[PDB]
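Protein chains in written order, with full-length UniProt numbering: chain A, 23 to 91, 100 to 311, 315 to 667; chain S, 751 to 1063, 1068 to 1350, 1356 to 1370, 1382 to 1520, 1523 to 1663; chain U, 33 to 116.
Every residue, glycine too, gets a C-beta built ideally from N, C-alpha and C.
The structure is reproduced here in structure tokens:
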């Protein structure tokens, strides 16, 4: 019963490298394969380059990597021929040839000064590339004022720039944009506000005691006002603060709360009473809304003024919220379900040191991570019976009335034959770091007349949308469990899935396919390494003009770009800047895996990780024509 | 120099106002150990005294990208100056700069010496010989302020510079920040014209032109530029496209090629047809992207069972059918983009219809009818079976035409042939079905002209269908062959409705009697997407010409980059013409931008009287209907005054006012910029207060203080008033004529006690001495703000910076209070000399100023030196002349 | 004459080593035309501490301008060895 199966990514890409998995189980000896890609519909011959042969040495496992050189999506007809037995199918293509990136040397510009942006080309993988590009510059009204068209070839991915802001030009929020010429529909947006300003010499932090406001906390949301000069020392002055009621995008200014206190020593104290709160507007209604502050510090010398502002403080009686979005939405009947609740303080930030327990099993407990996600589990009975989960937060100091709760649901995993053949992958979910060894647990589930036939599992590793690595693992008859030692490199960062499965023919002439996916977030780090420090081994504050050697440590052969910035520009405006953390935060939003947690059936687990399965006896995965993942249905 | 301090002569000034610097690019050249490279750079820290924050990005070809997020190098010193200059200040207006002297000494308060230097761009309390310096005492770990008044007399990037040095301690640091002194003005962008372009619809001629007037800007402040921008916007529309059929309940079309030639085609005819369609409609997704390869094998599947009856040219037993061989070229010349077809089994059954089944007139005969006789469709009507049979084989060989234009000699003659018999007999047709079958047998050649064109447009009953009495599957096939032309023709005002009838029949195909009813209700609906204009248009190509263009101007708004805004601009004022051309619609908008009560809703009135301790009084009213919210009262004293520590707490206790407990500290010595927070400024009336100020510091020439009124929500709508005990409102006493300003803060410049030959040679060879002339006053004008004297130089004793020949007239200027200085009468000679700092205006149009250093002496006439009383002066002046022209100064 | 006393041997060698670097303050103040806006603010201000202090014959202002003026020559011989 030689049968020929085959896999790939769920949504392909362009001018990029996607892999794919040949196979020949129960095959005899050799088998010359020839792979190909024809545009759809018809025949144009786009990439037929690949060839391979499945030794009985690579366990009947062959492997190949390629480079694929309206308003409706276009597709790619892909073909594989195993000696004579040919199998083919179609997969959705995405116009995106990678990502594009911006950094404005200043966050706010005086009309007349120059702007120094710089952009960085890369692919679906984080390496340098040389293509071609378009770069405009729009005013706050939406009109391209100047554009360019250079290419990052033999430039090493990095690009130089300079545009002068005319004396007369509109003030507000300008917007610079870019996009690969190959793909004119995928464009990127970065901004710099033009305004007539003078740099302040200090900074102002607005810090309420509470993250959020309890509705029945008479005392009210208090707030500490701490002013400090740019260079560290403590600012002396008097300030002006004002509060308000936001309701989505609308802001209810409260002129009955406008205070003034003595910023002494770079620390002043302002409170707002719960009565100046009720008469700016019942109170089971203001729940859901958030508030916002507006400080304004003017020194006792009358030279400078700074304007600080906090926004999005929630009036939640139930401090912690309970998210089920790192959580799988399916299970496997008769085996453990790992629970990755996502607790948040009211603003959006994750909770800490807050026990949570199952609805039943009062004994069961979890402990908070520095991240707002703990570790829980429970045995599932051998039922295809949907699992109704009512998590309850159990942190003391509060009541079973102030404790927020959230109910999600996990669904069965449908096995072909349904004869009763499951696979369950158990993993030491740890805050994995580059250089660690992570175990991989295989819990088979079958009667003992067809377990003398499963001699190898097969698997894969997702990563930002591409396929990272593959091969096989060995299982001997009588071992319903084999561990798989895997070492972590810098690449799986940020998050990476993993899919596994076997093939056998059992029951009554029925080749069977059972599988199981899985998703883990590995520590978010720039993959190589880089730091900037002060060269001198002894640091004393250099006076204006002096020489200080500046040491630096990075990867060899790497190019490096550098720029300094006065901390007096980030006291009128410190947004639109660049965070590596805003870097990965975007390379995840562009994943093809969507329900990392689980799978409905052996095919669902594939589209629910970013993969299309197909074979030579009928079984195959869902045809994904949906670029943007399943628009989250709350 | 020898004081316990640092003169202004070494205090290098902190001019690093700018935020961006050190934007360098450096690679990892050094050899690396363990994949880690070390670079050392020696940077020169900018002058700004704050805390520079870093930020860098590493791109390694191996190690993708990293963020070596920046740390922090704090830059501080023991004593510096935070020169706080605005982004700009208007010319001719008096303002108030702030300059904070931060002393972060442990517990050593600094005895400072802060001195504003002169700048001939700023009429301040510091002139060319006078210094405006003071002596303050900043307590330890504190911020102390110091007000400085000025009047920017010149536009353009000007210069301000404060340097301070402590007594007894040897610290020193200035800050040279520069401010953009702009001419007063209002940011405006008048619209020049807002019109539409389209040489198709507008002008009614090609090359539609559009003349354009220059911007009037009647009210443009002099010496200021102004730009104009232009916009190029394509505004295309899309319409007249209808939806193909959902193919959704059309899941019976792919039944497998099986049987004898004729049964091998009743059931493969719906096959290929579903394929050609869902190809050019993009329905493949919701149907099954996958059943397509369960169908491209039931097309080439019959291709080798159908290649199993092709006698030498149905049954192979039976005589070849002229109907199954001219439909063997209709199911093949379309399944050529789908499967492997032989240009020998296609180009070897079309040289058989021209050479075997063609009469001398191009009419086609039927020898052996086809055994299945319902599949022939609508020819089955023996009615005109050489007008529905001469029009059917006529479309099976105009279809195979490009494939093999070289494999058949016999084509070029058979094509015109058939078509000459038909066009003649085209006026001789009844059946709406033979009018549409010949109709499209013809319209692929360009001959349906005249009478054959209008008889084919009326045959459509209701004009959307070509129908005959009786069978319906011969009306759909008539409506199809009818739309076939409609589009082969490039007309689409009669296609819209014809396509709303065919999918109103929800004809999902198949059936018995429908092997032609299926092949046409689709290929027609299948070809309607490749023609669809989609209303895509716009080949605009406009030409620009402008009084600045030495070069030609050209862009083009093609459909692919049509919404790409193609804009152009300049800095100069012109007239010009535009010249549009080509299809497509767009819109044109153009806009120039140029330069067209300080109180804005805040009254202020600041008063100063004696009680040498004085008493101040301020008046503020809000020009609102609502009593304005929390407002503020900024106050910087005059040099030598601290508030009476007993009236800063009589207004701090009263409600509606406040004095942060931070203003009771420091006491009487350190308090020269106050902050009295107000809780409301009524709109009804002025709300007035007042306190006391003693005289603790004694000094000459005190400083016009101030009082600033603004709400907290807008630092912008404020009203600042000044107050001096001497001039009326705080404004120093100056002489203005028009645009020009000067510092008349001086005394009445003016008994011949002594004047000898030596007394002159010394004062005429001094440093400032620049010009020396013997002029004769010609004209004497006098204004209400100052006088002037147009004197002509009769000789240049000493040429200065001003290049002036003997005879020309140089204008002299003097205050109106100097009319008693020297009554410069007309037609009298005078010996004069001054400094170069007295020049006024700009070469060659300069103007002299009779200042304190301008020597004015009366020169006796020719017949006046005869007087025995003017001789002593005539000899001195005469000798002084020769002692200068040839000799010179003794230094 | 025999031999100096207590405040007679340390206040004078502190005015010898503040006059050995005041003799060539006309030699190091001129080579900061080839260096930054740093070596021209730090050797022009740190020069008025080595002339008023050598002239007040005080033991404190002389050991406060012989190092202030001996840190900015080791800074000027240093930025003169990347310039050869």
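Handout entry: Residues, ordered as in the chain, of the stretch 783-798 of chain S that lie near chain U by beta-carbon distance below 9 Å
Key = 792, 794, 795, 797
Handout entry: Separation of residue 58 of chain U from residue 867 of chain S, as counted between CA atoms
Key = 27 Å
Exercise for the section: Since I believe residue 455 of chain A is in contact with residue 632 of chain A (beta carbons under 8 Å), could you give me their beta-carbon distance rounded to a whole number of angstroms? Expected result: So it is not a contact: roughly 11 Å between Cβ atoms.
Practice task
Determine the DSSP secondary structure at residue 47 of chain A, reduced to helix, strand or coil.
Solution key: strand
Handout entry: Distance, residue 561 of chain A Cα to residue 814 of chain S Cα
Key = 7 Å
Handout entry: Contact belief for residue 1172 of chain S with residue 1117 of chain S at Cβ below 8 Å, rounded distance in angstroms
Key = 7 Å between Cβ atoms; contact.
Practice task
Report all residues from its chain with a CB closer than 7 Å to the CB of residue 1503 of chain S; omit the five preceding and five following residues, and keep chain order.
Solution key: 1497, 1514, 1515
Practice task
Under the assumption that residue 564 of chain A contacts residue 586 of chain A (Cβ atoms under 8 Å), give the Cβ distance between them as a whole number of angstroms.
Solution key: At roughly 5 Å, the Cβ-Cβ gap stays under 8 Å, so residue 564 of chain A and residue 586 of chain A are in contact.
Handout entry: Per-residue DSSP class, three states only, for residue 140 of chain A
Key = Here residue 140 of chain A sits in coil by DSSP.
Exercise for the section: Spell out the partners DSSP gives residue 1018 of chain S in its beta bridges. Expected result: According to DSSP, which records beta bridges pairwise, residue 1018 of chain S is partnered with nothing at all.
Exercise for the section: Return the CA-CA distance between residue 1113 of chain S and residue 69 of chain A, expressed in angstroms with no decimal places. Expected result: 51 Å
Handout entry: Cut-off 6 Å between Cβ atoms - residues of its own chain near residue 1492 of chain S, not counting five sequence neighbours on either side
Key = 1474, 1476, 1499, 1500
Problem - Span of the beta strand (DSSP E) around residue 258 of chain A - result: Run containing residue 258 of chain A: 252-259, per the beta strand (DSSP E) assignment.
Handout entry: residue 115 of chain U beta carbon near the ligand ZN (any heavy atom closer than 7 Å)
Key = Questions concerning the ligand ZN fall outside what the structure shown contains, since it holds no ligand whatsoever.
Practice task
Go ahead and label residue 1240 of chain S buried or exposed: buried means 16 or more other beta carbons lie within 10 angstroms of its beta carbon, across all protein chains shown.
Solution key: buried
Problem - residue 1208 of chain S, enclosing alpha helix (DSSP H) - first and last residue - result: Bounds of the alpha helix (DSSP H) holding residue 1208 of chain S are 1205-1208.
Handout entry: Buried versus exposed, by CB contacts within 10 Å (16 or more), residue 797 of chain S
Key = buried
Handout entry: DSSP-derived helix/strand/coil call for residue 1352 of chain S
Key = Here chain S breaks off after 1350 and picks up again at 1356, leaving residue 1352 of chain S without coordinates.
Practice task
Find the residues of chain U that neighbour residue 922 of chain S, judging by a C-beta separation of less than 7 Å, and give them in chain order.
Solution key: 77
Handout entry: Nearest residue (CA-CA) to residue 1406 of chain S, options S:847, S:812, S:779
Key = S:847
Handout entry: Contacting residues, own chain, Cβ-Cβ under 6 Å from residue 1364 of chain S (five flanking each side not counted)
Key = Excluding positions up to five away in sequence, the list reads 1389.
Problem - Residue from S:1429, S:1121, S:1341, S:1537 whose Cα sits closest to the Cα of residue 1417 of chain S - result: S:1429
Problem - 8 Å Cβ cutoff, residue 43 of chain U in contact with chain A - result: no
Handout entry: Residue nearest to residue 1445 of chain S in terms of C-alpha spacing, selected from A:290, A:302, A:395
Key = A:290
Practice task
Measure the CB-CB distance between residue 851 of chain S and residue 929 of chain S and report whether it falls below 8 Å.
Solution key: No, the pair does not count as a contact, with Cβ atoms beyond the cut-off.
Practice task
Determine which residues of the stretch 803-816 of chain S have a Cβ less than 9 Å from any Cβ of chain A, and write them out in chain order.
Solution key: 803, 804, 805, 806, 807, 808, 809, 810, 811, 812, 813, 814, 815, 816
Handout entry: CB-CB length for residue 1124 of chain S against residue 1058 of chain S, believed under 8 Å
Key = About 17 Å; that fails the 8 Å criterion.
Exercise for the section: Identify, in the order they occur along the chain, each residue of the same chain with its Cβ nearer than 8 Å to the Cβ of residue 1410 of chain S, setting aside the five sequence neighbours on each side. Expected result: Result list for residue 1410 of chain S: 1465, 1466, 1467, 1468, 1469, 1472, in chain order.
Handout entry: 8 Å Cβ cutoff, residue 580 of chain A in contact with chain U
Key = yes
Handout entry: Contact check, residue 642 of chain A vs residue 655 of chain A, beta carbons under 8 Å
Key = When the beta-carbon positions are compared, residue 642 of chain A and residue 655 of chain A stay at least 8 Å from each other.
Problem - Proximity of residue 107 of chain A and residue 60 of chain A at Cβ, strictly below 8 Å - result: yes
Handout entry: Beta carbon of residue 982 of chain S nearer than 8 Å to that of residue 1319 of chain S
Key = Yes, Cβ-Cβ distance for residue 982 of chain S and residue 1319 of chain S is below 8 Å.
Problem - Span of the beta strand (DSSP E) around residue 1545 of chain S - result: 1541-1554
Exercise for the section: Give me the Cβ distance between residue 1079 of chain S and residue 1107 of chain S, rounded to the nearest whole Å; I'm assuming they're in contact under 8 Å. Expected result: With a Cβ gap of about 7 Å, residue 1079 of chain S and residue 1107 of chain S count as contacting.
Problem - alpha helix (DSSP H) segment containing residue 1282 of chain S, residue limits - result: 1271-1285
Practice task
Could you check which residue in S:826, S:882, S:880 has the C-alpha nearest to that of residue 1372 of chain S?
Solution key: Residue 1372 of chain S cannot be located in this model; chain S continues from 1370 straight on to 1382.
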